[PDB]
Amino acid sequence: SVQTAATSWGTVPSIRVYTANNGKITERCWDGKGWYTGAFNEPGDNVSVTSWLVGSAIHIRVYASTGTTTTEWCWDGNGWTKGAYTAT
Amino acid sequence: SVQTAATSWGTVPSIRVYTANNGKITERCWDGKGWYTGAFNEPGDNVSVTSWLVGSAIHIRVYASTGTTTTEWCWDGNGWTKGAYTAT
Amino acid sequence: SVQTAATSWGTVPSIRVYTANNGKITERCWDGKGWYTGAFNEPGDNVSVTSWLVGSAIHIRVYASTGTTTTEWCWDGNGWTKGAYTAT
Ligand SMILES: OC[C@@]1(O)OC[C@@H](O)[C@@H](O)[C@@H]1O
Ligand SMILES: OC[C@@]1(O)OC[C@@H](O)[C@@H](O)[C@@H]1O
Ligand SMILES: OC[C@@]1(O)OC[C@@H](O)[C@@H](O)[C@@H]1O
Ligand SMILES: OC[C@@]1(O)OC[C@@H](O)[C@@H](O)[C@@H]1O
Ligand SMILES: OC[C@@]1(O)OC[C@@H](O)[C@@H](O)[C@@H]1O
Ligand SMILES: OC[C@@]1(O)OC[C@@H](O)[C@@H](O)[C@@H]1O
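Protein chains in written order, with this note's numbering: chain A, 81 to 168; chain B, 81 to 168; chain C, 81 to 168.
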């Protein structure tokens with residue numbers, strides 16, 4: 081079936097839910113005022129996530145896997161980009 | 081195989097492990113005194129979870145997926161009910 | 081495909097990413113100075129993780145599933161061992 085991963089921060093809270101569906105990962109967002117579709121959209125059959133909130137900054141790492149390849153996607157306040165993670 | 085999701089809170093800690101097995105999700109609980117079966121029992125082939133502890137209250141969100149449909153289940157101190165999450 | 085689970089702690093942060101690939105789970109680690117392969121290596125087709133940081137101690141629980149059997153693996157500062165978790 082589709083596969084999801086979820087993270088949250090703060091006391092509102094903010095929630096992010098990533099869904100791998102038919103080889104694509106998309107993102108749904110809650111910040112206390114309704115669910116909406118987030119900027120994250122990348123290929124993947126499987127997804128995991130972790131996040132850490134430091135001061136006023138949320139940092140999110142999304143691990144997107146297709147076949148035997150995992151790509152780390154990083155949110156550090158300014159859009160999503162690929163991170164240095166490799167599986168080795 | 082079966083698929084799991086896990087969350088924890090506090091310093092004991094409390095742990096909740098959700099297992100999607102044969103289309104059903106069940107919950108195992110640790111609060112420092114042995115594992116036991118929790119109240120959560122809902123359909124699903126895939127599960128993710130996030131939680132946040134505010135004051136004396138734990139809030140848990142379990143995302144249960146079957147086919148292309150994801151249902152959010154909410155614990156806010158008074159049993160499990162479906163939440164407003166949709167995948168859109 | 082391969083399946084992952086991720087956790088993080090502190091402000092560096094430390095990150096651990098577990099990958100179930102071809103029936104084996106391995107671990108990649110970030111502590112602020114490059115990714116490296118961690119000590120965790122156990123059988124599994126599916127993996128989830130949770131962790132909690134208390135004082136100077138990180139506690140990690142990895143739930144590794146093969147077929148209908150889930151094994152909990154515990155890090156409490158001194159290597160990985162099986163924990164008391166059962167699915168019942
Ligand atoms: O709009 C909210 C948003 O910026 O929050 C941080 C990340 O979750 C982004 O993908 C998302 O678009
Ligand atoms: O700032 C990005 C980065 O350094 O963050 C920590 C890890 O997620 C790394 O893989 C990643 O490249
Ligand atoms: O009995 C413990 C319990 O109430 O803890 C909160 C939730 O995890 C519930 O499903 C569970 O039954
Ligand atoms: O109190 C329940 C609720 O508002 O909590 C925040 C989100 O999980 C929503 O989808 C959900 O309906
Ligand atoms: O070397 C870093 C390490 O000790 O960190 C704690 C656990 O993640 C271990 O598996 C790992 O080897
Ligand atoms: O110290 C190990 C242990 O007691 O930690 C809490 C739970 O993870 C238990 O299953 C596990 O045996």
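Each residue gets a CB set at the ideal place from its N, CA and C atoms; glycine is no exception.
- Taking a C-beta cut-off of 7 Å against chain A, the contacting residues of the stretch 125-137 of chain B are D125, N126, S128, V129, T130, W132 and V134, listed in chain order.
- When the Cα atoms are used, B:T161 and B:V127 turn out to be separated by approximately 16 Å.
- Put simply, the stretch 112-128 of chain B does not touch the stretch 134-150 of chain C. Fewer than three CB pairs are less than 8 Å apart.
- When C-alpha distances from B:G135 are compared across B:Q83, B:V142, B:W89 and B:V82, the shortest belongs to B:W89.
- At least one heavy atom of ligand 6 lies less than 8 Å from the C-beta of C:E152.
- Boundaries of the beta strand (DSSP E) harbouring A:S94: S94 to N101, taken from the DSSP string.
- Residues of chain C with a Cβ closer than 7 Å to the Cβ of B:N101 are, in chain order, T148.
- CA-to-CA, the gap between C:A86 and C:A164 works out to about 22 Å.
- Between A:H139 and A:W155, the beta carbon gap of about 7 Å places them in contact (Cβ cut-off 8 Å).
- Buried is the label assigned to C:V142, since at least 16 other Cβ atoms lie within 10 Å of its Cβ.
- Of all alpha-carbon atoms in A:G124, A:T168 and A:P93, the one lying nearest the alpha-carbon of A:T84 is that of A:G124.
- Within the same chain, and ignoring the five residues on either side of C:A137 in sequence, the residues whose Cβ sits closer than 6 Å to its Cβ are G157.
- Rounded to whole angstroms, the Cβ separation of C:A144 and C:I95 is 19 Å, and the two are not in contact under 8 Å.
- Between B:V92 and B:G114 a beta carbon distance of about 12 Å is seen, past the 8 Å cut, so the two are scored as non-contacting.
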